[PDB]
$ cat start-v2.txt   # compact mmCIF, N, CA and C atoms
# COMPACT_ATOMS: atom_id res chain seq x y z
N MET A 1 1.95 -21.39 -3.31
CA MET A 1 2.40 -21.07 -1.94
C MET A 1 3.05 -19.70 -1.92
N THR A 2 3.01 -19.06 -0.76
CA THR A 2 3.64 -17.76 -0.57
C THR A 2 5.01 -17.94 0.09
N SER A 3 5.91 -16.99 -0.15
CA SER A 3 7.27 -17.07 0.36
C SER A 3 7.51 -16.08 1.50
N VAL A 4 6.42 -15.55 2.07
CA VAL A 4 6.52 -14.62 3.19
C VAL A 4 7.14 -15.31 4.40
N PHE A 5 6.63 -16.50 4.68
CA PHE A 5 7.04 -17.29 5.84
C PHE A 5 6.65 -16.59 7.14
N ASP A 6 5.75 -17.21 7.88
CA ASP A 6 5.29 -16.65 9.14
C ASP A 6 6.29 -16.94 10.25
N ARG A 7 6.89 -15.90 10.79
CA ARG A 7 7.83 -16.05 11.89
C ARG A 7 7.64 -14.90 12.90
N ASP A 8 6.41 -14.73 13.36
CA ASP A 8 6.07 -13.61 14.21
C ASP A 8 6.54 -13.83 15.63
N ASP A 9 7.85 -13.88 15.80
CA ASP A 9 8.44 -13.97 17.12
C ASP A 9 9.04 -12.62 17.48
N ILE A 10 8.44 -11.93 18.44
CA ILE A 10 8.97 -10.66 18.88
C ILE A 10 9.80 -10.88 20.14
N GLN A 11 11.09 -10.64 20.01
CA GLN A 11 12.03 -10.94 21.09
C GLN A 11 12.31 -9.72 21.94
N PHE A 12 12.57 -10.00 23.20
CA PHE A 12 12.89 -8.98 24.17
C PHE A 12 14.15 -9.41 24.91
N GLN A 13 14.58 -8.55 25.81
CA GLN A 13 15.76 -8.80 26.60
C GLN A 13 15.56 -8.21 27.99
N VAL A 14 16.31 -8.68 28.96
CA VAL A 14 16.22 -8.16 30.32
C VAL A 14 17.29 -7.12 30.52
N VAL A 15 16.90 -5.95 30.98
CA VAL A 15 17.86 -4.89 31.20
C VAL A 15 17.95 -4.53 32.68
N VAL A 16 19.15 -4.17 33.11
CA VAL A 16 19.37 -3.80 34.49
C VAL A 16 19.91 -2.37 34.58
N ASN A 17 19.33 -1.60 35.49
CA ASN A 17 19.71 -0.21 35.67
C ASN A 17 20.84 -0.14 36.69
N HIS A 18 21.45 1.04 36.83
CA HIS A 18 22.51 1.23 37.82
C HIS A 18 21.94 1.19 39.26
N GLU A 19 20.62 1.07 39.37
CA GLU A 19 19.96 0.84 40.66
C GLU A 19 19.68 -0.65 40.82
N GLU A 20 20.25 -1.45 39.91
CA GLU A 20 20.11 -2.91 39.90
C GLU A 20 18.66 -3.35 39.91
N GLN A 21 17.83 -2.62 39.18
CA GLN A 21 16.44 -3.01 39.00
C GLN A 21 16.29 -3.75 37.68
N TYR A 22 15.38 -4.69 37.60
CA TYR A 22 15.29 -5.53 36.43
C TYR A 22 14.05 -5.19 35.62
N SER A 23 14.26 -4.83 34.35
CA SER A 23 13.18 -4.42 33.47
C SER A 23 13.29 -5.17 32.15
N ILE A 24 12.31 -5.01 31.28
CA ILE A 24 12.35 -5.66 29.97
C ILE A 24 12.49 -4.62 28.86
N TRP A 25 13.11 -5.03 27.76
CA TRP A 25 13.31 -4.14 26.64
C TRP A 25 13.27 -4.95 25.35
N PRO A 26 12.59 -4.46 24.30
CA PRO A 26 12.53 -5.17 23.00
C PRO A 26 13.90 -5.27 22.34
N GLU A 27 14.17 -6.43 21.73
CA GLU A 27 15.45 -6.74 21.09
C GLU A 27 15.76 -5.78 19.95
N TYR A 28 14.72 -5.22 19.35
CA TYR A 28 14.85 -4.41 18.16
C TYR A 28 15.12 -2.94 18.50
N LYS A 29 15.11 -2.62 19.79
CA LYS A 29 15.30 -1.23 20.19
C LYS A 29 16.64 -1.07 20.90
N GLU A 30 17.25 0.09 20.71
CA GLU A 30 18.49 0.44 21.39
C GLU A 30 18.21 0.75 22.85
N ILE A 31 19.07 0.27 23.74
CA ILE A 31 18.89 0.47 25.17
C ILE A 31 19.29 1.90 25.55
N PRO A 32 18.48 2.55 26.39
CA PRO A 32 18.82 3.87 26.92
C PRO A 32 20.14 3.83 27.68
N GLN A 33 20.94 4.89 27.51
CA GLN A 33 22.24 4.95 28.17
C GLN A 33 22.07 4.98 29.68
N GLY A 34 22.67 4.01 30.34
CA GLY A 34 22.52 3.88 31.78
C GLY A 34 22.04 2.50 32.16
N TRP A 35 21.57 1.74 31.18
CA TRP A 35 21.12 0.39 31.40
C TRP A 35 21.99 -0.56 30.60
N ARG A 36 21.96 -1.84 30.94
CA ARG A 36 22.65 -2.84 30.14
C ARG A 36 21.80 -4.11 30.09
N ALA A 37 22.09 -4.95 29.12
CA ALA A 37 21.37 -6.21 28.97
C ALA A 37 21.92 -7.25 29.93
N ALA A 38 21.02 -8.05 30.48
CA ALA A 38 21.39 -9.07 31.44
C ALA A 38 20.44 -10.25 31.36
N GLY A 39 20.85 -11.38 31.95
CA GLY A 39 19.99 -12.54 31.98
C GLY A 39 19.89 -13.22 30.63
N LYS A 40 18.66 -13.38 30.17
CA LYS A 40 18.41 -14.05 28.90
C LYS A 40 17.53 -13.19 27.98
N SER A 41 17.79 -13.28 26.69
CA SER A 41 16.94 -12.62 25.70
C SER A 41 16.05 -13.67 25.05
N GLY A 42 14.84 -13.26 24.67
CA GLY A 42 13.89 -14.20 24.11
C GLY A 42 12.49 -13.64 24.12
N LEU A 43 11.50 -14.50 24.33
CA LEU A 43 10.10 -14.07 24.33
C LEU A 43 9.79 -13.30 25.62
N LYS A 44 8.64 -12.66 25.64
CA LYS A 44 8.20 -11.90 26.80
C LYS A 44 8.04 -12.81 28.02
N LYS A 45 7.46 -13.99 27.80
CA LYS A 45 7.29 -14.95 28.88
C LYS A 45 8.62 -15.37 29.49
N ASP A 46 9.67 -15.39 28.67
CA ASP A 46 11.01 -15.71 29.15
C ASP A 46 11.52 -14.60 30.06
N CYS A 47 11.18 -13.37 29.69
CA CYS A 47 11.58 -12.22 30.43
C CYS A 47 10.79 -12.12 31.74
N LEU A 48 9.50 -12.40 31.67
CA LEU A 48 8.64 -12.38 32.85
C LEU A 48 9.14 -13.39 33.88
N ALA A 49 9.35 -14.61 33.42
CA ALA A 49 9.83 -15.70 34.27
C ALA A 49 11.15 -15.32 34.92
N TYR A 50 12.05 -14.78 34.12
CA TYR A 50 13.37 -14.40 34.59
C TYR A 50 13.30 -13.40 35.75
N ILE A 51 12.56 -12.32 35.56
CA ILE A 51 12.49 -11.27 36.58
C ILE A 51 11.91 -11.81 37.88
N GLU A 52 10.99 -12.76 37.76
CA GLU A 52 10.38 -13.36 38.92
C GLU A 52 11.43 -14.04 39.81
N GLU A 53 12.35 -14.76 39.16
CA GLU A 53 13.35 -15.57 39.86
C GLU A 53 14.08 -14.80 40.98
N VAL A 54 14.81 -13.70 40.72
CA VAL A 54 15.10 -13.18 39.38
C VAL A 54 16.35 -13.88 38.85
N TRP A 55 17.17 -14.28 39.79
CA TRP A 55 18.11 -15.33 39.55
C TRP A 55 17.66 -16.47 40.43
N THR A 56 17.94 -17.68 40.03
CA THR A 56 17.44 -18.82 40.76
C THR A 56 18.49 -19.92 40.81
N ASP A 57 18.63 -20.54 41.97
CA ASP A 57 19.54 -21.65 42.18
C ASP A 57 18.91 -22.69 43.08
N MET A 58 18.17 -22.22 44.08
CA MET A 58 17.50 -23.12 45.02
C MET A 58 16.12 -23.49 44.50
N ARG A 59 15.35 -22.48 44.13
CA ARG A 59 13.97 -22.70 43.74
C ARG A 59 13.50 -21.60 42.80
N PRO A 60 12.87 -21.97 41.68
CA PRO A 60 12.26 -21.01 40.79
C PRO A 60 10.90 -20.55 41.32
N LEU A 61 10.90 -19.40 42.01
CA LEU A 61 9.68 -18.90 42.65
C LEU A 61 8.69 -18.37 41.62
N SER A 62 9.05 -18.45 40.35
CA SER A 62 8.11 -18.21 39.26
C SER A 62 6.98 -19.25 39.31
N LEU A 63 7.15 -20.26 40.17
CA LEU A 63 6.13 -21.27 40.39
C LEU A 63 4.83 -20.62 40.93
N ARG A 64 4.98 -19.48 41.59
CA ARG A 64 3.83 -18.78 42.14
C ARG A 64 3.00 -18.16 41.02
N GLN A 65 3.61 -18.03 39.84
CA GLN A 65 2.89 -17.52 38.68
C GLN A 65 2.19 -18.67 37.96
N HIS A 66 2.36 -19.88 38.48
CA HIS A 66 1.61 -21.02 37.98
C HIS A 66 0.23 -21.03 38.61
N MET A 67 0.11 -20.27 39.73
CA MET A 67 -1.17 -20.06 40.36
C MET A 67 -1.98 -19.09 39.53
N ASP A 68 -1.30 -18.13 38.94
CA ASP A 68 -1.94 -17.19 38.02
C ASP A 68 -2.37 -17.91 36.77
N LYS A 69 -1.41 -18.28 35.92
CA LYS A 69 -1.71 -19.02 34.69
C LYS A 69 -0.59 -19.98 34.36
N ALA A 70 0.52 -19.47 33.82
CA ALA A 70 1.60 -20.33 33.35
C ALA A 70 2.98 -19.67 33.48
N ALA A 71 3.10 -18.73 34.44
CA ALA A 71 4.37 -18.03 34.69
C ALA A 71 4.78 -17.15 33.52
N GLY A 72 3.80 -16.76 32.70
CA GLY A 72 4.07 -15.92 31.57
C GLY A 72 2.86 -15.12 31.16

$ encode --input "start-v2.txt" --output "structure tokens"
Amino acid sequence: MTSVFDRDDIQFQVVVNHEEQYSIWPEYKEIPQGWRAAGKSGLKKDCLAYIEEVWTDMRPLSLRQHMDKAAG
């Protein structure tokens, strides 16, 4: 057996600009000065779903991306 161990999970995070716009950024990269991390960090699909909401309390309108494929 090999000891490499397959763990190909590339994580991202949601970043917000001073214009309160929501974008995605890889976890492994430093954020450009002027933005900050917000929401949840995780897979790209997590980030996609999040921005769709973009916050949600009444209804996750990411449901409209279920018409596309799977909200991710």

$ axis_aligned_box --input "start-v2.txt" --around "stretch 25-38 of chain A" --padding-each-side "6 Å" --output "lines of an AutoDock Vina configuration file"
center_x = 17.6
center_y = -2.6
center_z = 25.2
size_x = 22.1
size_y = 27.2
size_z = 26.0

$ closest_residue --input "start-v2.txt" --among "A:63, A:51, A:38, A:58" --to "residue A:15" --atoms "all atoms listed in the file"
A:38

$ atom_distance --input "start-v2.txt" --atom1 "atom CA of residue A:42" --atom2 "atom CA of residue A:12"
5.3 Å

$ select_by_dssp --input "start-v2.txt" --residues "chain A" --states "strand (DSSP E)" --output "CSV table (one decimal) with N, CA and C atoms, in the coordinates of the input"
chain,number,residue,atom,x,y,z
A,12,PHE,N,12.6,-10.0,23.2
A,12,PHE,CA,12.9,-9.0,24.2
A,12,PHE,C,14.2,-9.4,24.9
A,13,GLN,N,14.6,-8.6,25.8
A,13,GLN,CA,15.8,-8.8,26.6
A,13,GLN,C,15.6,-8.2,28.0
A,14,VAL,N,16.3,-8.7,29.0
A,14,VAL,CA,16.2,-8.2,30.3
A,14,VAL,C,17.3,-7.1,30.5
A,15,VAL,N,16.9,-6.0,31.0
A,15,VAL,CA,17.9,-4.9,31.2
A,15,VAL,C,18.0,-4.5,32.7
A,16,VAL,N,19.2,-4.2,33.1
A,16,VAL,CA,19.4,-3.8,34.5
A,16,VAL,C,19.9,-2.4,34.6
A,17,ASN,N,19.3,-1.6,35.5
A,17,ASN,CA,19.7,-0.2,35.7
A,17,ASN,C,20.8,-0.1,36.7
A,22,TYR,N,15.4,-4.7,37.6
A,22,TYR,CA,15.3,-5.5,36.4
A,22,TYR,C,14.0,-5.2,35.6
A,23,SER,N,14.3,-4.8,34.4
A,23,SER,CA,13.2,-4.4,33.5
A,23,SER,C,13.3,-5.2,32.2
A,24,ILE,N,12.3,-5.0,31.3
A,24,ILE,CA,12.4,-5.7,30.0
A,24,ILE,C,12.5,-4.6,28.9
A,25,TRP,N,13.1,-5.0,27.8
A,25,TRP,CA,13.3,-4.1,26.6
A,25,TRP,C,13.3,-5.0,25.4
A,26,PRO,N,12.6,-4.5,24.3
A,26,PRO,CA,12.5,-5.2,23.0
A,26,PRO,C,13.9,-5.3,22.3
A,35,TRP,N,21.6,1.7,31.2
A,35,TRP,CA,21.1,0.4,31.4
A,35,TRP,C,22.0,-0.6,30.6
A,36,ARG,N,22.0,-1.8,30.9
A,36,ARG,CA,22.6,-2.8,30.1
A,36,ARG,C,21.8,-4.1,30.1
A,37,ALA,N,22.1,-5.0,29.1
A,37,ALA,CA,21.4,-6.2,29.0
A,37,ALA,C,21.9,-7.2,29.9
A,38,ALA,N,21.0,-8.0,30.5
A,38,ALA,CA,21.4,-9.1,31.4
A,38,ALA,C,20.4,-10.2,31.4
A,39,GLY,N,20.8,-11.4,32.0
A,39,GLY,CA,20.0,-12.5,32.0
A,39,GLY,C,19.9,-13.2,30.6
A,40,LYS,N,18.7,-13.4,30.2
A,40,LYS,CA,18.4,-14.0,28.9
A,40,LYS,C,17.5,-13.2,28.0
A,41,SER,N,17.8,-13.3,26.7
A,41,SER,CA,16.9,-12.6,25.7
A,41,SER,C,16.0,-13.7,25.0
A,42,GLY,N,14.8,-13.3,24.7
A,42,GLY,CA,13.9,-14.2,24.1
A,42,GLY,C,12.5,-13.6,24.1

$ residues_around --input "start-v2.txt" --residues "residue A:62" --least-positions-apart "3" --cutoff "12 Å" --atoms "only C-alpha atoms" --output "ChimeraX atom specification"
/A:45-56,59,65-72

$ closest_residue --input "start-v2.txt" --among "A:43, A:36, A:29, A:60" --to "residue A:14" --atoms "only N, CA and C atoms"
A:36

$ atom_distance --input "start-v2.txt" --atom1 "atom CA of residue A:13" --atom2 "atom N of residue A:41"
4.9 Å

$ closest_residue --input "start-v2.txt" --among "A:64, A:35, A:5, A:40" --to "residue A:19" --atoms "only C-alpha atoms"
A:35

$ closest_residue --input "start-v2.txt" --among "A:34, A:26, A:57, A:39" --to "residue A:11" --atoms "all atoms listed in the file"
A:26

$ closest_residue --input "start-v2.txt" --among "A:10, A:4, A:31, A:61" --to "residue A:44" --atoms "only N, CA and C atoms"
A:10

$ select_by_dssp --input "start-v2.txt" --residues "chain A" --states "alpha helix (DSSP H)" --output "MDAnalysis selection string"
chainID A and resid 44:53 65:68

$ atom_distance --input "start-v2.txt" --atom1 "atom CA of residue A:32" --atom2 "atom C of residue A:20"
14.9 Å

$ decode --input "start-v2.txt" --residues "stretch 49-60 of chain A" --atoms "N, CA, C and O atoms" --output "JSON list (two decimals), in the first residue's frame"
[["chain", "number", "residue", "atom", "x", "y", "z"],
["A", 49, "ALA", "N", -23.45, 27.91, -3.39],
["A", 49, "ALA", "CA", -24.72, 27.87, -2.68],
["A", 49, "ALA", "C", -24.87, 29.10, -1.79],
["A", 49, "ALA", "O", -25.92, 29.73, -1.77],
["A", 50, "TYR", "N", -23.81, 29.41, -1.06],
["A", 50, "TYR", "CA", -23.82, 30.53, -0.14],
["A", 50, "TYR", "C", -24.15, 31.85, -0.84],
["A", 50, "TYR", "O", -25.02, 32.57, -0.40],
["A", 51, "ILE", "N", -23.43, 32.15, -1.91],
["A", 51, "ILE", "CA", -23.61, 33.42, -2.61],
["A", 51, "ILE", "C", -25.03, 33.54, -3.16],
["A", 51, "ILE", "O", -25.60, 34.64, -3.21],
["A", 52, "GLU", "N", -25.60, 32.41, -3.56],
["A", 52, "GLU", "CA", -26.95, 32.40, -4.07],
["A", 52, "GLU", "C", -27.95, 32.91, -3.02],
["A", 52, "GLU", "O", -28.84, 33.70, -3.34],
["A", 53, "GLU", "N", -27.77, 32.46, -1.78],
["A", 53, "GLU", "CA", -28.70, 32.75, -0.69],
["A", 53, "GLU", "C", -29.05, 34.25, -0.58],
["A", 53, "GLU", "O", -30.22, 34.60, -0.72],
["A", 54, "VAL", "N", -28.11, 35.19, -0.34],
["A", 54, "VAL", "CA", -26.70, 34.90, -0.04],
["A", 54, "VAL", "C", -26.57, 34.67, 1.46],
["A", 54, "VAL", "O", -25.72, 33.93, 1.95],
["A", 55, "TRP", "N", -27.46, 35.31, 2.18],
["A", 55, "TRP", "CA", -27.80, 34.87, 3.49],
["A", 55, "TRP", "C", -29.23, 34.39, 3.40],
["A", 55, "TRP", "O", -29.99, 34.88, 2.57],
["A", 56, "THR", "N", -29.62, 33.46, 4.23],
["A", 56, "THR", "CA", -30.92, 32.88, 4.12],
["A", 56, "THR", "C", -31.52, 32.62, 5.50],
["A", 56, "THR", "O", -30.82, 32.18, 6.42],
["A", 57, "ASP", "N", -32.79, 32.93, 5.65],
["A", 57, "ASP", "CA", -33.52, 32.70, 6.88],
["A", 57, "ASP", "C", -34.93, 32.22, 6.58],
["A", 57, "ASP", "O", -35.48, 31.38, 7.28],
["A", 58, "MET", "N", -35.52, 32.79, 5.53],
["A", 58, "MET", "CA", -36.87, 32.42, 5.13],
["A", 58, "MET", "C", -36.83, 31.25, 4.16],
["A", 58, "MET", "O", -37.53, 30.24, 4.34],
["A", 59, "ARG", "N", -36.02, 31.38, 3.12],
["A", 59, "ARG", "CA", -35.99, 30.40, 2.07],
["A", 59, "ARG", "C", -34.63, 30.40, 1.37],
["A", 59, "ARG", "O", -34.11, 31.45, 1.00],
["A", 60, "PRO", "N", -34.03, 29.21, 1.19],
["A", 60, "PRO", "CA", -32.81, 29.08, 0.42],
["A", 60, "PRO", "C", -33.11, 29.10, -1.08],
["A", 60, "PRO", "O", -33.47, 28.09, -1.67]]
